[PDB]
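K.L.:
One file: run.cif (mmCIF, N, CA and C atoms and all ligand atoms).
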```
data_protein
loop_
_atom_site.label_atom_id
_atom_site.label_comp_id
_atom_site.auth_asym_id
_atom_site.auth_seq_id
_atom_site.Cartn_x
_atom_site.Cartn_y
_atom_site.Cartn_z
N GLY A 1 35.91 101.98 36.53
CA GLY A 1 36.15 100.63 37.01
C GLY A 1 35.56 99.57 36.10
N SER A 2 34.25 99.36 36.22
CA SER A 2 33.57 98.36 35.40
C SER A 2 32.29 98.94 34.80
N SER A 3 31.94 98.47 33.60
CA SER A 3 30.74 98.94 32.92
C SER A 3 30.31 97.95 31.83
N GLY A 4 29.02 97.94 31.53
CA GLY A 4 28.50 97.05 30.52
C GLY A 4 27.11 97.43 30.06
N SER A 5 26.44 96.51 29.38
CA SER A 5 25.09 96.76 28.88
C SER A 5 24.05 96.52 29.97
N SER A 6 23.15 97.49 30.14
CA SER A 6 22.11 97.39 31.15
C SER A 6 21.01 96.44 30.71
N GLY A 7 20.46 96.69 29.52
CA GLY A 7 19.40 95.85 29.00
C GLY A 7 18.13 96.63 28.72
N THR A 8 18.20 97.54 27.75
CA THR A 8 17.05 98.35 27.38
C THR A 8 15.78 97.51 27.31
N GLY A 9 15.84 96.41 26.57
CA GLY A 9 14.69 95.54 26.43
C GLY A 9 14.35 94.83 27.73
N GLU A 10 13.21 94.15 27.74
CA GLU A 10 12.76 93.43 28.93
C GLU A 10 12.66 91.93 28.65
N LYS A 11 13.38 91.14 29.43
CA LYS A 11 13.37 89.69 29.27
C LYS A 11 12.66 89.01 30.44
N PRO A 12 11.32 89.00 30.38
CA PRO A 12 10.50 88.38 31.43
C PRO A 12 10.61 86.86 31.45
N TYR A 13 11.29 86.32 30.44
CA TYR A 13 11.47 84.87 30.34
C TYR A 13 12.93 84.53 30.03
N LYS A 14 13.58 83.85 30.97
CA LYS A 14 14.97 83.46 30.81
C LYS A 14 15.11 81.94 30.81
N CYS A 15 16.15 81.44 30.15
CA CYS A 15 16.40 80.01 30.08
C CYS A 15 17.71 79.65 30.79
N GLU A 16 17.63 79.46 32.10
CA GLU A 16 18.80 79.11 32.89
C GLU A 16 19.56 77.95 32.25
N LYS A 17 18.83 77.04 31.63
CA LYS A 17 19.43 75.88 30.97
C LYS A 17 20.65 76.30 30.16
N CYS A 18 20.49 77.34 29.35
CA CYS A 18 21.58 77.83 28.52
C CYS A 18 22.02 79.22 28.97
N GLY A 19 21.06 80.13 29.11
CA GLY A 19 21.37 81.48 29.53
C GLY A 19 20.96 82.52 28.50
N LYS A 20 19.81 82.31 27.87
CA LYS A 20 19.31 83.23 26.86
C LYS A 20 17.94 83.78 27.26
N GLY A 21 17.70 85.05 26.92
CA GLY A 21 16.44 85.67 27.25
C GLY A 21 15.41 85.52 26.15
N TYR A 22 14.14 85.67 26.50
CA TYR A 22 13.06 85.55 25.53
C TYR A 22 11.90 86.47 25.88
N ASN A 23 11.53 87.34 24.95
CA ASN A 23 10.44 88.28 25.16
C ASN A 23 9.12 87.71 24.63
N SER A 24 8.91 86.42 24.85
CA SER A 24 7.70 85.75 24.39
C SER A 24 7.48 84.44 25.15
N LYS A 25 6.40 84.39 25.92
CA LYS A 25 6.08 83.20 26.70
C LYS A 25 5.88 81.99 25.78
N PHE A 26 5.61 82.26 24.51
CA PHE A 26 5.40 81.20 23.53
C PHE A 26 6.74 80.72 22.96
N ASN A 27 7.56 81.67 22.52
CA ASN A 27 8.86 81.35 21.95
C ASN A 27 9.68 80.49 22.90
N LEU A 28 9.70 80.88 24.17
CA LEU A 28 10.45 80.14 25.19
C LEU A 28 10.00 78.69 25.25
N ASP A 29 8.70 78.47 25.06
CA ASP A 29 8.14 77.13 25.09
C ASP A 29 8.87 76.21 24.12
N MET A 30 8.78 76.53 22.83
CA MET A 30 9.44 75.74 21.80
C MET A 30 10.91 75.52 22.13
N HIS A 31 11.54 76.54 22.72
CA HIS A 31 12.95 76.46 23.09
C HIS A 31 13.15 75.49 24.24
N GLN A 32 12.22 75.50 25.19
CA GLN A 32 12.29 74.61 26.35
C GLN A 32 12.41 73.16 25.92
N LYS A 33 11.89 72.85 24.74
CA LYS A 33 11.93 71.49 24.21
C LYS A 33 13.27 71.22 23.52
N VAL A 34 14.34 71.78 24.07
CA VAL A 34 15.67 71.60 23.51
C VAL A 34 16.62 71.00 24.54
N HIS A 35 16.47 71.41 25.79
CA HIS A 35 17.31 70.90 26.87
C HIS A 35 16.69 69.68 27.53
N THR A 36 15.98 68.88 26.73
CA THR A 36 15.33 67.68 27.23
C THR A 36 16.35 66.58 27.52
N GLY A 37 17.24 66.34 26.57
CA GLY A 37 18.26 65.32 26.74
C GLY A 37 18.79 65.26 28.16
N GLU A 38 18.94 64.05 28.69
CA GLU A 38 19.44 63.86 30.05
C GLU A 38 20.96 63.97 30.09
N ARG A 39 21.46 65.21 30.13
CA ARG A 39 22.89 65.45 30.18
C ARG A 39 23.55 64.61 31.27
N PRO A 40 24.87 64.42 31.15
CA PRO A 40 25.65 63.65 32.12
C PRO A 40 25.77 64.35 33.47
N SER A 41 25.27 65.58 33.54
CA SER A 41 25.32 66.36 34.76
C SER A 41 24.05 66.19 35.58
N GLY A 42 24.19 66.23 36.90
CA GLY A 42 23.04 66.07 37.77
C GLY A 42 22.07 67.23 37.68
N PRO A 43 20.77 66.94 37.83
CA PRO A 43 19.72 67.96 37.76
C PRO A 43 19.75 68.90 38.97
N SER A 44 18.71 69.72 39.09
CA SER A 44 18.62 70.67 40.20
C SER A 44 17.23 70.63 40.84
N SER A 45 16.22 70.39 40.01
CA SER A 45 14.84 70.33 40.50
C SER A 45 14.01 69.38 39.64
N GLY A 46 13.36 68.42 40.29
CA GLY A 46 12.54 67.47 39.58
C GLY A 46 11.27 67.11 40.33
ZN ZN B 101 17.72 77.32 26.61
#
```
Translate the structure of the given file into structure tokens.
P.N.:
Amino acid sequence: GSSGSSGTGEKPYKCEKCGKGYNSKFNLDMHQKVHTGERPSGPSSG
């Protein structure tokens, strides 16, 4: 029926903003400073 990749690695940090995983609490930080711009779309939590 259906099948795909399970995810051997572990992504304890995800970026819902875009949808990418990060295996580093530090790396994600620098990345978090990317979706700052106030997109034309309404937020979700502030
Ligand atoms: Zn992101």
K.L.:
Going by DSSP on the backbone, which residues of chain A come out as strand (DSSP E)? List them as a PyMOL selection string.
P.N.:
chain A and resi 13-15+20-22
K.L.:
Neighbouring residues of ligand ZN 101 (chain B) are defined here as those with any atom at most 5 Å from a ligand atom, counting all atoms listed in the file; list them as a PyMOL selection string.
P.N.:
chain A and resi 15+17-18
K.L.:
Produce the centre coordinates and the three edge lengths, each in Å to one decimal, of the box along x, y and z that contains all listed atoms of segment 30-38 of chain A with 8 Å added on each side, as lines of an AutoDock Vina configuration file.
P.N.:
```
center_x = 14.9
center_y = 70.2
center_z = 25.9
size_x = 28.2
size_y = 28.7
size_z = 24.3
```
K.L.:
How many Å lie between atom CA of residue 3 of chain A and atom CA of residue 23 of chain A, rounded to one decimal?
P.N.:
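It comes out at 24.2 Å.
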K.L.:
Using atom N of residue 11 of chain A and atom N of residue 24 of chain A as the two end points, give the distance in Å to one decimal.
P.N.:
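Separating atom N of residue 11 of chain A from atom N of residue 24 of chain A is a distance of 8.0 Å.
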K.L.:
Counting only N, CA and C atoms, what is within 8 Å of segment 27-33 of chain A, bar same-chain residues fewer than 6 positions away, as JSON, numbers by chain?
P.N.:
{"A": [13, 14, 15, 21]}
K.L.:
Please measure the separation of atom C of residue 40 of chain A and atom N of residue 16 of chain A, giving the value in Å to one decimal.
P.N.:
17.2 Å
K.L.:
Would you please extract all alpha helix (DSSP H) residues from chain A, as assigned by DSSP on the backbone, and give them as a list in words?
P.N.:
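Taking chain A and keeping alpha helix (DSSP H) gives residues 25, 26, 27, 28, 29, 30, 31 and 32 of chain A.
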